[PDB]
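A single chain comes next, written as structure tokens; it is the form deposited in one PDB entry.
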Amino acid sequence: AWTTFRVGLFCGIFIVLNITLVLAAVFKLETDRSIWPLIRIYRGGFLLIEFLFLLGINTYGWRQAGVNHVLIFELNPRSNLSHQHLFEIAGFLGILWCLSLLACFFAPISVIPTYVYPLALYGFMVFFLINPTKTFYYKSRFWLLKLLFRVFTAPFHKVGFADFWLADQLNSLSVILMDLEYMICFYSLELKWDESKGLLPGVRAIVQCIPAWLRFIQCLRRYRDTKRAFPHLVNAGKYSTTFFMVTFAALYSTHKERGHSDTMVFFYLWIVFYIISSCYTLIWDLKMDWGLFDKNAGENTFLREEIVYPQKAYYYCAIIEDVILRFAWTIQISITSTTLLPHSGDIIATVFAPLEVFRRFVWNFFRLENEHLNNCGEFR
């Protein structure tokens, strides 16, 4: 009863803080002040909060549909997180995010420099996750930290379902890692450390391939430990396509900045590998992840035989939104990896990144359902 009350409290403190944020942005902002670094820094936090909210909705749908998402994840049958707790955590982090944004927008609050407010938020999140005091969701935080350890260094780690799931979720949430690297550079060699104005009126390729690299080496490991080349080397190639696409984007940008003559051939390679990568991940999503387009569909054409969710319109809406937002994700991870689009730049990424988490939230239902009804991942 108190958890539901806290969910309601946070959902509404966050609402009024959002209204205040909109009013301050349309009123308090001093016209030309180069807001872009601020929104780029806070985009990671906003994406994390949205991902937590969408994952709460995911747990809600999983519980209603009758799936054993506490068994596939190998979670304990008791003392796991329901949708209420995820909503509460999301609301608390959103409250902190809004308070930090309002403090940044309101300089006359104190004489303390504004640029400390972002870290005080993000560091808090780390301090929230690094909580050895066994106070707040200690089992959940311990499980998450163990998963992060077994994911971020996972050549020498047998891959269970949770490892693969978080590794896949990293690709769609990689905007946070990109923004982290950008803010590290911004604090290193952009701001002056003297003026109290945080607005300030090829590594990128590696960092963006990092989630792809983790899932690549995790599927290579799965093949090594299983000997089934088809279900795993295919995914290895799927993320190799991401490697090639990011590499060709970087080469194209470098050669265009240098005025290199042969940059058009690099553009052609980039576009062909973009088509290849997008189609590859899309066909894997539809055919293997969700398990749709099964030849034994019958009356459930374009879907599979066994359907758990009530309405079939959800599946078709998801198919269309997937075939659109997967192209969106590929174009976004190609643009933000380099200086591909100087004009749009952060605008298209800021529009698409929130949608990549939505696409992954939608994909979570069907991946969990496909793995539940028939053990698609071979995790047994």
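Basically, rigid core = biggest C-alpha set you can superpose within 1.5 Å across the two forms. One rule holds for the numbers: they count along the sequence shown, beginning at 1.
For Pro201, the record comparison shows coordinates absent in at least a third of the other entries of this protein that model its neighbours. Where coordinates are absent for parts of the deposited sequence, a chain break appears; between neighbours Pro201 and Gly202 it spans 10 or more residues.
Another form, the form deposited in another entry, is not on view; read the next lines as being about it.
Just a single entry of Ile319, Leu54, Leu38, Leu340 exceeds or equals a 2 Å CA shift between the shown form and the other one, which is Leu340 (rigid core superposed). Core-aligned CA deviation for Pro108 between the shown form and the other one: 2 Å or greater. After superposing the rigid core, the C-alpha of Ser196 moves by 2 Å or more between the shown form and the other one.
Pairwise change in the other form: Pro108 and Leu96 C-alpha atoms lie closer than in the shown form, at least 3 Å.
Annotation for the pair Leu341/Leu170: C-alpha atoms recede from each other in the other form, by 3 Å or more compared with this form.
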